[PDB]
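Participant: Just dropping this structure here.
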Amino acid sequence: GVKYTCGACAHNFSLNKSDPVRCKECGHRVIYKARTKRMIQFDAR
Amino acid sequence: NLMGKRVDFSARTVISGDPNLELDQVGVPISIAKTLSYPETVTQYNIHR
Amino acid sequence: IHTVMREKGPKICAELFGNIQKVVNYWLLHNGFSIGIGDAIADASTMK
Amino acid sequence: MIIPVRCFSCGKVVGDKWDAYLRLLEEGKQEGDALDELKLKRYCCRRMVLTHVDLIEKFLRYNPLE
Amino acid sequence: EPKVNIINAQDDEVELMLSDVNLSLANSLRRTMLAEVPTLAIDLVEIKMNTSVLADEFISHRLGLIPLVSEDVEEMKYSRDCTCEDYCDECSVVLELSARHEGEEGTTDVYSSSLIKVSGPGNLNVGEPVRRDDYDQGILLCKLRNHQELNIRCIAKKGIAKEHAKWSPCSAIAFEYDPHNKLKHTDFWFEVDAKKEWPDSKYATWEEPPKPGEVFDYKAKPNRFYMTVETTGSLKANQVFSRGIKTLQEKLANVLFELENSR
Amino acid sequence: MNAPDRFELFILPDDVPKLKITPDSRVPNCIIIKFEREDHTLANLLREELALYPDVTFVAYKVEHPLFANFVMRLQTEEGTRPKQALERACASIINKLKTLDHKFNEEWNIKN
Amino acid sequence: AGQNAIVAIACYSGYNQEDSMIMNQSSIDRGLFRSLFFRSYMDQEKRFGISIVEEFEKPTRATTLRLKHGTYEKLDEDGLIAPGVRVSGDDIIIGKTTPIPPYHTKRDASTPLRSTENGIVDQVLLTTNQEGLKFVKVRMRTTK
Amino acid sequence: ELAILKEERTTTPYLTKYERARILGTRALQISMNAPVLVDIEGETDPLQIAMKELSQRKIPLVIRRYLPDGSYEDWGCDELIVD
Amino acid sequence: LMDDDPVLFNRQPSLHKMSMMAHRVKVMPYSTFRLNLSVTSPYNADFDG
RNA sequence: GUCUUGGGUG
Ligand SMILES: [Mg+2]
Ligand SMILES: [Zn+2]
Ligand SMILES: [Zn+2]
Ligand SMILES: [Zn+2]
């Protein structure tokens, strides 16, 4: 579905709103979303 | 609530000094000038403006 | 200021502030005025 | 944080001199002499390098989060 | 009648004495070289992957502050005068930066030499980040640790220092005249004696000190000007001086054009 | 949020003329010129050039506000001369002086090689 | 917590009087006294009963009422905006619905961005609270 | 009953600052509501400045009723009060 | 809000009638109000916050 | 959307 990342072991994975909130590789408790796919522009000013 | 109360059509911000303003002039930020308004009755002398 | 207020009115007195401010500010812009640590120092005889 | 590219006051490029400055300080040269050799002559450019605190070393110690 | 006397001339700086010109002319030249000589600088940054500790606009500000070779920037068009909707080569130079720590130990430094020119209005000699030597590493941009990556596509455009200091070809234009205060344009603060307490100008030996018998002269105007232009490598010192002169000439020509075509 | 654009200093809009001339009726043969999108660089140059002509009796300029990029210039001349003509003459003279200066600087730089 | 600026003491143009102070625009352009700002918004799901709870979800107009006047087009399918997206004032960064007690049976409890602030989303955190219900923290970033 | 005859009117013959301010405000509001204008309008379009022009030319058709502390009052037309 | 509009301008505390005065508007860039420097005495104001 | 507490500014 949508990409996440572990908070302890930096593992990447993807959960689908029905699994519990957890990491696969270690089983850690806090996860962070992944960077968006859109393109971001800055003015360099 | 009766001797003093909060009022509409007011603004507040930090003040700065300007050697090039007249004594009875105040410099008003553009954003405040656009947020605040004055109701001006349309007449045959102000319809174009 | 009081004299110009009483003789010429409030409008001319208000414009007096601006005239004096502009002339003096231009002259001081091209003259300059500063203050330093040396302006608080008295010579040896005065210290004695 | 990390050495600024330009001098704030005048705009000279100081971002390419931090490593040379550290190497000069390693071999014993005192700070004024190292700043002289890097040809930083105006005290604005000199205080750019002399007062820099390099915090990126401290920030890099926290593990990459991806 | 105007005269130039070069005293020192290397690639980055030129030291010259200017003479038989009005002070307004010399100061206008100083101001023009500081503010109105076009250069090239990164004006648009596109972040693909930035997992470094630094923020996106921090890195963008630093990239905008990087000097780039601007020799041919005058054969280029301002990106606001080009009829392309999205950017194009007539008015931009596209650079790439890709950096990535490989392995799991030490710090990888990201330098300005790692910027790579991909497109640009060839064969114009613009766009490259300026290197001091063949072995220069350039400016420090960021630092990377394990698995941290930086992937950036920068656009460079033509601009002047009025818009933003990053387009300034000059750092500091030293400028002085009348080392002995013969014209009495300053009035020295002192405690005991104004001659002992004030250091001499570095061009004091270039002019005769006033004689004790001399009286004040009310005909003398400033006539000799000692100025030292320094550059950031984007332009050379002689190039900065000549293009400042040309920019002033074309500003005057613009005024002349409007005056004549208002008749 | 109230900061104007840094290119409005020099980029002339389409509804704003570069130059606008009005006469000062109080004194004879005088004109007031407003230069848009310019600053002290052109103003002081022109002022000190014009102040040295015999036929120019009054010349001055001011920048009424530093936050707005224009200046206004008052210039008077004698009976025969027109202030406008003195203005083209000053522009041409400064152009020639800069051209001579450029030629001599380039020659000097070549000799230094 | 400061910077060594080069300071002149002068009555230069009159704009530094009465504790005003003139600053170099070029030095500002080169990074003098420039700072990053981080604001973090928080929100979680409550339990109003047995099977009555709130949900993080992008609220469709049909099933929801009293929707905020901001735009919802920035939320992913999980009701959370993704890091790297520019956000203006009044934009929704956490979509949430509160069920209507006994279609069209939900009220919204969405968290907008502050009406004054701009910026770019930095770090959208997601965990569970003390009671095991979903918990979200969203940190914005900007430069002043 | 409470009106005073035009002969025994013992208040000041001069328009006070408050009377002038209120008279100008009322005239400006009236003119901004497309009321007829007594002066010849030459250049100015702002109703307040037109009202000032009317006040100077003694052509404002209004009346000040000056109440005394005992409840009686005096009536003065704007054209007969003296404007500084 | 436009140039020359009369607006009431005020600093607290308002200890006397000259702490509240009517000014003509001048619309300007940046976020601070602007005052001529001779009126900072009746307002008892300065430009440090 | 409300009440208290705390830290501050002129
Ligand atoms: Mg104060
Ligand atoms: Zn994990
Ligand atoms: Zn410096
Ligand atoms: Zn193009």
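Don't worry about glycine lacking a Cβ; one is built from the backbone with ideal geometry, like all the others, and counts go over all protein chains shown. Read-outs: derived from the displayed coordinates by stated rules, not from any lab.
Participant: Would you mind listing how long segment H:1-48 runs along its three principal axes, going by Cα atoms, in whole Å with the largest first?
Facilitator: Here the Cα extents, ordered largest to smallest, are 41, 22, 18 Å.
Participant: Where the only charges are on Cβ atoms (+1 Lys, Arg; -1 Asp, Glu), what is the dipole of chain H about its Cα centre, to the nearest 20 debye? Write down the numbers at each step before the final one.
Facilitator: On the way: 11 positive and 15 negative charges, 37 e Å.
Approximately 180 debye in magnitude.
Participant: Let me ask something additional. Name the shape class, rounded, prolate or oblate, that the alpha-carbon gyration tensor gives for the protein assembly as shown, where a ≥ b ≥ c are the square roots of its eigenvalues, rounded holds for a/c under 1.5, and otherwise prolate holds if a/b is larger than b/c and oblate otherwise. Please list the in-between numbers first.
Facilitator: On the way: a/c = 1.94, a/b = 1.08, b/c = 1.81.
Verdict is oblate for the protein assembly as shown.
Participant: Still on this structure, I have one more. From Cα pairs below 8 angstrom and at least 6 apart in sequence, can you work out the relative contact order of chain H, rounded to a whole percent? Present the calculation step by step, with values, prior to reporting the outcome.
Facilitator: Details: 88 pairs, mean separation 31.8, N = 84.
Relative contact order, chain H: 38 percent.
Participant: Another one. When you look at the Cβ of every residue in E:60-69, what mean number of other chain Cβ atoms sits within 10 Å?
Facilitator: Working: counts 6, 11, 7, 3, 6, 10, 5, 4, 0, 0.
That works out to 5 on average.
Participant: How do C:27, D:18 rank when sorted from fewest to most other Cβ atoms within 10 Å of their own Cβ? Before the final figure, lay out each step's value.
Facilitator: Numbers: C:27 9, D:18 19.
So the ranking, lowest neighbour count to highest, is C:27, D:18.
Participant: At 20 °C and 1.002 mPa s, grab the translational diffusion coefficient of chain D from Stokes-Einstein with a Kirkwood Rh over Cα pairs, rounded to a whole number in µm² per second.
Facilitator: On the way: Rh = 12.8 Å.
In µm²/s, the coefficient rounds to 168.
Participant: Express the Stokes-Einstein translational diffusion coefficient of chain H in µm² s⁻¹, to the nearest whole number, given a Kirkwood radius over alpha-carbon pairs, 37 °C and a viscosity of 0.692 mPa s. All intermediate terms of the calculation are to be shown ahead of the outcome.
Facilitator: On the way: Rh = 13.8 Å.
The diffusion coefficient I find is 238 µm²/s.
Participant: How tilted is helix E:23-35 with respect to the longest principal axis of chain E? Cα atoms for both, answer in degrees (0 to 90, nearest 10).
Facilitator: 10
Participant: Can you give the charge dipole size of chain A about its Cα centre, rounded to the nearest 20 debye, using +1 on the beta carbon of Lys and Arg and -1 on the beta carbon of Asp and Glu?
Facilitator: Details: 10 positive and 3 negative charges, 29 e Å.
In total the dipole reaches around 140 debye.
Participant: Run lengths n ≥ 4 of DSSP H only: what is the helix-derived mean residue ellipticity at 222 nm for chain E, with -39500 (n - 2.57) per run over all residues, to the nearest 500?
Facilitator: Values: 3 runs with 46 residues, N = 263.
That comes out to -6000 deg cm²/dmol.
Participant: Per the Debye formula with a single identical scatterer at each Cα and no solvent contribution, what log10 I(q)/I(0) holds for chain F at q = 0.17 Å⁻¹?
Facilitator: Log10 of I(q)/I(0), two decimals: -0.89.
Participant: Alpha carbon centre of chain C versus segment E:136-152: separation in Å?
Facilitator: Each part's Cα centre sits 55 Å from the other's.
Participant: Let me ask something else about it. Assigning unit charges at the beta carbon (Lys, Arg +1; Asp, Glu -1) and nothing else, what dipole magnitude in debye, to the nearest 20, does the protein assembly as shown show about its Cα centre? Mind dumping the intermediate values first?
Facilitator: Working: 116 positive and 125 negative charges, 418 e Å.
For this selection, approximately 2000 debye.
Participant: Just going by the charge dipole of chain A, with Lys and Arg at +1 and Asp and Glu at -1 on Cβ, which of A:44, A:2, A:20 is farthest out on the positive end?
Facilitator: Towards the positive end, the residue furthest out is A:44.
Participant: How large is ³J(HN,Hα), in whole Hz, for each residue of segment F:41-58 in order, when computed from phi with the Karplus curve 6.51 cos²θ - 1.76 cosθ + 1.60 and θ = phi - 60°, using x for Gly and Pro?
Facilitator: Taking θ as phi minus 60°, the curve returns 4, 7, 5, 5, 3, 4, 5, 6, 6, 6, 5, 9, 7, x, 8, 9, 9, 9 Hz for segment F:41-58.
Participant: Based on DSSP H runs of at least 4 residues, each adding -39500 (n - 2.57), what is the mean residue ellipticity at 222 nm of chain G after dividing by all its residues, to the nearest 500 deg cm²/dmol? Walk me through the intermediate numbers first.
Facilitator: On the way: 1 runs with 5 residues, N = 144.
Mean residue ellipticity at 222 nm (helix-derived): -500 deg cm²/dmol.
Participant: Of G:112, G:136, G:67, which is farthest on the positive side of the dipole of chain G, counting Cα position, with +1 on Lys and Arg Cβ, -1 on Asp and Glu Cβ, and the Cα centre as origin?
Facilitator: Projecting each Cα onto the dipole axis, the largest value belongs to G:67.
Participant: Here's a follow-up. Over chain A, what lengths in whole Å, largest first, do the semi-axes of the equivalent ellipsoid take, defined as the square roots of 5 times the eigenvalues of the alpha-carbon gyration tensor? Don't skip to the answer; put the middle values down first.
Facilitator: On the way: eigenvalues 143, 33, 10 Å².
After diagonalising the Cα gyration tensor, the semi-axes are 27, 13, 7 Å.
Participant: A further question follows. Could you point to the residue in H:56, H:21, H:69 farthest towards the positive end of chain H's charge dipole, with +1 and -1 charges on the Cβ of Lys/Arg and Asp/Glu respectively?
Facilitator: Going by the Cα projections, it comes out as H:21.
Participant: Thinking of chain G as a set of Cα atoms, what percent of all their pairs are more than 25 Å apart? Before the final figure, lay out each step's value.
Facilitator: Numbers: 4817 of 10296 pairs.
That fraction is 47 percent.
Participant: Taking every DSSP beta bridge that has both residues in the protein assembly as shown, what percent is antiparallel when rounded to the nearest 5?
Facilitator: Numbers: 117 of 129 bridges.
Of those bridges, close to 90 percent are antiparallel.
Participant: Let me ask something else. Spin-label point model (7 Å from Cα, Cβ direction): what's the residue C:1 to residue B:9 distance in nm?
Facilitator: 3.2
Participant: Quick one: what Rg and Dmax do you get for segment E:1-49 from the alpha carbons, in Å?
Facilitator: 17.3, 59
Participant: Counting only residues 5 or more places away or on other chains, whose amide H sits under 5 Å from the amide H of residue I:27 once H atoms are built in the peptide plane?
Facilitator: For residue I:27, the qualifying residues are B:28, I:3.
Participant: If you take each beta carbon of peptide A:11-23 and count the beta carbons of other chains within 10 angstrom, what is the mean? Display every interim value, and only then the final one.
Facilitator: On the way: counts 1, 1, 0, 0, 2, 2, 6, 0, 0, 2, 6, 1, 0.
Going residue by residue through A:11-23 and averaging, the value is 2.
Participant: Averaged across the residues of D:34-46, what count of C-beta atoms belonging to other chains lies within 10 Å of each residue's C-beta?
Facilitator: On the way: counts 0, 0, 0, 0, 0, 1, 0, 1, 5, 1, 6, 2, 0.
Mean partner shielding for this stretch: 1.
Participant: Does chain I classify as rounded, prolate or oblate by the C-alpha gyration tensor (a ≥ b ≥ c root eigenvalues; a/c under 1.5 gives rounded; else a/b over b/c gives prolate, otherwise oblate)? Please list the in-between numbers first.
Facilitator: Details: a/c = 2.20, a/b = 1.37, b/c = 1.61.
Oblate.
Participant: To continue, here is another question. Tabulate in residue order the Karplus-calculated ³J(HN,Hα) for segment G:108-123, using 6.51 cos²θ - 1.76 cosθ + 1.60 with θ = phi - 60°, rounded to whole Hz; enter x for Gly and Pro.
Facilitator: Result, rounded to whole Hz: 9, 9, 7, 9, x, 6, 4, 4, 8, 9, 9, x, 9, 5, 10, 8.
Participant: In nm, give the distance between the simple-model label positions of residue E:183 and residue D:41, each being 7 Å from the Cα along the Cα-to-Cβ direction.
Facilitator: Inter-label distance under the simple model: 2.3 nm.
Participant: Please give, to one decimal in nm, the separation of the simple spin-label points placed at residue C:28 and residue F:79, each 7 Å out from Cα toward the Cβ.
Facilitator: About 4.5 nm, to one decimal.
Participant: Still on this structure, I have one more. Applying the Karplus parametrisation 6.51 cos²θ - 1.76 cosθ + 1.60 with θ = phi - 60° to the phi angles of segment B:30-35, what ³J(HN,Hα) value in whole Hz is obtained for each residue in order, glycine and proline being reported as x?
Facilitator: Using θ = phi - 60°, the values come out as 4, 4, 5, 4, 8, 6 Hz.
Participant: Helix E:237-260 versus the longest principal axis of chain E: what angle, 0 to 90°, nearest 10, using Cα atoms?
Facilitator: For E:237-260 against chain E, the angle is about 80 degrees.
Participant: Tell me, what is a quarter of the convex hull surface for the C-alpha atoms of chain E, in nm² with one decimal? Present the calculation step by step, with values, prior to reporting the outcome.
Facilitator: Working: hull surface 88.1 nm².
Over every viewing direction, the Cα hull of chain E projects on average to 22.0 nm².
Participant: Further question: Quick check: the distance between the Cα centres of segment I:17-49 and segment F:62-113, to the nearest angstrom?
Facilitator: 40
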